[PDB]
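Chemist: Opening piece of the complex, as it sits:
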Amino acid sequence: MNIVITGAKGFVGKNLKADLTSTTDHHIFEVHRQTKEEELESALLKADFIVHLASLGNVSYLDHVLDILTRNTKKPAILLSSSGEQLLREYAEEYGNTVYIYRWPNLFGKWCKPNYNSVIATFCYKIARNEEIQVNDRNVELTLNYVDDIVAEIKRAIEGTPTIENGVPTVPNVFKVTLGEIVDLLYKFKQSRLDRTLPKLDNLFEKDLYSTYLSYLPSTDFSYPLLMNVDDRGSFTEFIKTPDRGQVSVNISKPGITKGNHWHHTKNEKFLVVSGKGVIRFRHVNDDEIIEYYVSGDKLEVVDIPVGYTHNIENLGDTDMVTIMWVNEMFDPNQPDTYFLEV
């Protein structure tokens, strides 16, 4: 299908275009402010669908586009957002085009311009760069659609099946969050480089907000150092922490090194040797028997570390053993729940 996109250089425009060239075989005709009149007319005359994203006689850009479409024999469909609706209804009646009229709320997502009156864009950009932000009123209710919903809704429309809610085409998943919640979320995401915590990804708004925030990071600033606890035996490094799904860390043991020899009451772990080779050993606290699990990066398998078994880990190889360690709780030096016991 020949699809034209007006205001192609805008926020939604770039998002839709990128998506449309990647996931469909439609020919996309982009039009914008520097498009020549001969190129605009040619596009609208061969279009099958028009996504419109853009008094002394001066006619609006919109009306100019509608008057040109007047001469497209194929009565192509027209999609747009209201923010003069009655005018568009009359255009559809007279010329025959199905024209989907949406009323989008405020938007957010990647590629929106910072410091040009989209308050979310500005906040992400500034917070990622440690810049003083202005919060006029934390209690202001926002009505938002994420960019992915807009884009996904437009594609439903392109195939003749748009979401209708009470007479009008309506993009699903609108959010209502106050400004304070947004700012707090933003600062929390930045803090998470320091404390290794993760966002609440089953909160749709938050997950959407986290992705959009990342997109505003300076290009020199994608990575952050981890705190390696290094000594002559190897290193132990925390990676991610969570209050509800435990935490993962990296243990590196040099050749011939044994670590552990402790047991836990309630703390438990999952060991994944991803490089090198060695043995994970267990003895029940009240018992004689030593049980050995020989493991290596050659064959990825998790060893659960059940409660009440003392356990140790040894490198048997002539290179460093690296083990991914999941633990069921964030470690607390007050209540370590770890008791030294050999074997």
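Modeler: Nice, I can see it. Numbering: from 1, shown residues only, chains lettered A, B, ... in the order given.

Chemist: Residue A:215 - nearest residue in space that isn't next to it in sequence?
Modeler: Nearest residue to residue A:215, sequence neighbours excluded (C-beta to C-beta, 6 or more residues apart in numbering): residue A:110, at 3.8 Å. In short, each C-beta sits where N, CA and C put it, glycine included.

Chemist: scratch that, residue A:238 is what I was asking about
Modeler: Leaving out its chain neighbours, the residue that sits closest to residue A:238 by C-beta to C-beta, 6+ apart is residue A:249, at 4.9 Å.

Chemist: Just list whatever residues bridge to the one you found.
Modeler: residue A:238, residue A:325 (DSSP bridges).

Chemist: which ones are touching it?
Modeler: Residues counted as contacts of residue A:249 (C-beta atoms under 8 Å, 6 or more residues apart in numbering) are A:236, A:237, A:238, A:239, A:324, A:325, A:327.

Chemist: is it true that the fourth one touches residue A:228?
Modeler: Right, the one you point to is residue A:239. No. Distance between residue A:239 and residue A:228: 10.8 Å, which falls outside the contact criterion (C-beta atoms under 8 Å).

Chemist: care to break chain A down by domain?
Modeler: Chain A breaks down by curated CATH domains into domains covering A:2-224, A:225-343.

Chemist: Span of the longest one from start to end?
Modeler: Taking C-alpha to C-alpha, to the nearest Å, the span from the opening residue of domain A:2-224 to its closing residue is 45 Å.

Chemist: Now the terminal residues of stretch A:48-64, how far apart.
Modeler: Note: stretch A:48-64 ends 18 Å apart using C-alpha to C-alpha.

Chemist: What residues sit buried inside it?
Modeler: Buried residues in stretch A:48-64, counting neighbours by 16 or more other C-beta atoms under 10 Å, are found at A:48, A:49, A:50, A:51, A:52, A:53, A:54.

Chemist: For the last one, give its distance to residue A:279.
Modeler: It stands for residue A:54. According to C-beta to C-beta, to the nearest Å, residue A:54 and residue A:279 sit 67 Å apart.

Chemist: Same question for the first one.
Modeler: If you measure residue A:48 against residue A:279 using C-beta to C-beta, the figure is 66 Å.

Chemist: same question, the fourth one
Modeler: Computed with C-beta to C-beta, the distance linking residue A:51 and residue A:279 is 62 Å.

Chemist: In chain A, which residue sits furthest out from the middle?
Modeler: residue A:288 (50.7 Å; C-alpha atoms, centre = their mean).

Chemist: Surely that one is in a helix?
Modeler: No. Counting by DSSP: H, G, I helix; E, B strand; the rest coil, residue A:288 is not part of a helix but coil.

Chemist: and it, backbone torsions?
Modeler: With angles defined as degrees, to the nearest 10, residue A:288 sits at phi -90, psi -40.

Chemist: Please report how far it lies from residue A:343.
Modeler: 9 Å.

Chemist: what do you get for residue A:270?
Modeler: Residue A:270 is 21 Å from residue A:343, by C-beta to C-beta.

Chemist: same question, residue A:215
Modeler: Computed as C-beta to C-beta, the residue A:215 to residue A:343 distance reads 52 Å.

Chemist: of these two, who's got more company?
Modeler: The neighbour comparison of residue A:215 against residue A:343 (other C-beta atoms under 10 Å) goes to residue A:215, with 15 against 12.

Chemist: what's near enough to touch that one?
Modeler: A:109, A:110, A:111, A:124.

Chemist: put chain B onto that model:
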Amino acid sequence: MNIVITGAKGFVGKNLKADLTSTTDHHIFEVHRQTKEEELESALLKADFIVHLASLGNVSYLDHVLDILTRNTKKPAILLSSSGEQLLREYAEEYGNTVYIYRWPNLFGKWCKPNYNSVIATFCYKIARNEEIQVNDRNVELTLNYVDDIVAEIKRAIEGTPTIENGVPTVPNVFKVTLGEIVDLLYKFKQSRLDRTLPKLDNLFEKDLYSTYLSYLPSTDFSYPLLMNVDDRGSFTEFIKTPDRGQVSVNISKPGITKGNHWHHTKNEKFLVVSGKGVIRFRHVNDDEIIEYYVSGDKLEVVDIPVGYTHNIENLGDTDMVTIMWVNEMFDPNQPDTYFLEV
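Modeler: Chain B goes in next, on the same frame as the chains above:
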């Protein structure tokens, strides 16, 4: 302090003992059914604290113990659970001992006997071994204390500061869960070896139940295989998945291998190279500039993979590169949100 523990071989007994020898300097005197009368008397006569866990003339074991304590000059404190209380009150009045009287509900935790009328113990044991279980009524309300609370409460009592709730010493954190919830939890924990999901660790009951379940695993059965997706370029293996904190996986690239060259709308990642050395590269979808991040296991640092940047990963070393990959969502082959783009 000299502390004696009656019924030392029981469920709580073994737990308390293990804990007490590990975390205090008190001398623990264990007494049980095969303790000789000369050894019982010697213990109670030198005791500072007694943790009691155990008609034609026959006197109960409890009364025997109380009559012996009658001759301990030091008026030692006595702790026990009611399930003949008025009898104990009268003993304290006459002989002077502070006697803490608890009323424990049903218990659960490691080292409780399976198939001896503790229904939770039995279920864990059977489910871990793929054994037909009997569920008489899923809707039966249980009143439970975890073993760690019992043990922690006893130690508060040993130091003269027990938790009092409305006149009585009361162990905190009692649970009310139906049998159906328990069984469902148990089967879910066993299923999680197959689907790599984790329990809800901020649910205190569930976290307590998960630890207790692990403790019943056969000793040959601590580990489970992971599904490695192997080919000539390396391997990709899922490790843990969650609906709210994303998932972690292991990518292994052989020397000179490049993987990636895609971008995402909303999916984002965290790359941790834990072994080998190479480069993670980024180009903004609408842009010329290639940004390179040189990384190695020699220095653990996370690289965030922001949305809207195409990205690839290359091994530069003469050995395998292993990268831990965190992603903000479980992968869904219907909505993969990943679009091929070079560079």
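
Chemist: Take the contacts of residue A:215 again, chain B included.
Modeler: A:109, A:110, A:111, A:124, B:306, B:307, B:308 (C-beta atoms under 8 Å, 6 or more residues apart in numbering or on different chains).

Chemist: Which stretches in the stretch 51-200 of chain A count as helices?
Modeler: A:61-69, A:85-95, A:119-128, A:147-158, A:179-195 (DSSP state H, counting those that start in this stretch).

Chemist: The fourth one and chain B in contact?
Modeler: Okay, so that is helix A:147-158. Yes. Using C-beta under 8 Å from any C-beta of the partner chain, helix A:147-158 reaches chain B at A:148, A:151.

Chemist: contacting residues around that helix?
Modeler: A:1, A:3, A:11-12, A:15-16, A:19-20, A:24, A:26, A:49, A:51, A:77, A:79, A:100, A:102, A:104, A:107-112, A:162-163, A:169, A:171-173, A:208, A:212, B:265-266.

Chemist: how about 7 Å then?
Modeler: Contacting residues not belonging to helix A:147-158 are listed as A:3, A:12, A:15-16, A:19, A:49, A:51, A:79, A:100, A:104, A:107-110, A:162-163, A:169, A:171-173, B:265-266 [C-beta atoms under 7 Å, 6 or more residues apart in numbering or on different chains].

Chemist: Next: the third one.
Modeler: Counting by C-beta under 7 Å, 6+ apart, helix A:119-128 makes contact with A:108, A:112-115, A:133, A:182-183, A:186-187, A:190, A:212-213, A:216-218, all of which sit outside it.

Chemist: Equivalent analysis for the longest one, please.
Modeler: Among residues not part of helix A:179-195, those counted as contacts by C-beta under 7 Å, 6+ apart are A:120, A:123-124, A:127-128, A:135, A:137-140, A:142, A:198-199, A:206, A:209-210, A:213, A:224, A:241.

Chemist: what do you get for stretch A:35-46?
Modeler: A:2, A:4, A:29, A:31, A:50, A:65, A:68, A:69, A:71, A:72.

Chemist: Please indicate which of those residues are buried?
Modeler: A:2, A:4, A:29, A:31, A:50, A:65, A:68, A:69, A:72 (16 or more other C-beta atoms under 10 Å in any protein chain shown).

Chemist: Need those in a markdown table (columns: distance to chain B).
Modeler: Converted to a markdown table, the buried ones among the contacts of stretch A:35-46 look like this (distance: C-beta to the nearest C-beta, whole Å):
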| residue | distance to chain B |
| --- | --- |
| A:2 | 22 |
| A:4 | 19 |
| A:29 | 18 |
| A:31 | 17 |
| A:50 | 22 |
| A:65 | 24 |
| A:68 | 28 |
| A:69 | 28 |
| A:72 | 29 |
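
Chemist: Relative to chain B, which of the contacts of helix A:119-128 is nearest.
Modeler: Chain B lies nearest to residue A:217 out of the contacts of helix A:119-128, by C-beta to the nearest C-beta, at 5.5 Å.

Chemist: tally of neighbours for the closest one?
Modeler: For residue A:217, the neighbour count with other C-beta atoms under 10 Å in any protein chain shown is 18.

Chemist: Please tell me I have it right and it contacts residue B:306.
Modeler: Yes. Assessed by C-beta atoms under 7 Å, residue A:217 is found in contact with residue B:306 at 5.5 Å.

Chemist: Which residue is the nearest non-sequential neighbour of residue A:145?
Modeler: Once flanking residues are discounted, residue A:145 sits nearest to residue A:171: 5.1 Å by C-beta to C-beta, 6 or more residues apart in numbering or on different chains.

Chemist: what's the neighbour count on the one you found?
Modeler: For residue A:171, using other C-beta under 10 Å, the count is 24.
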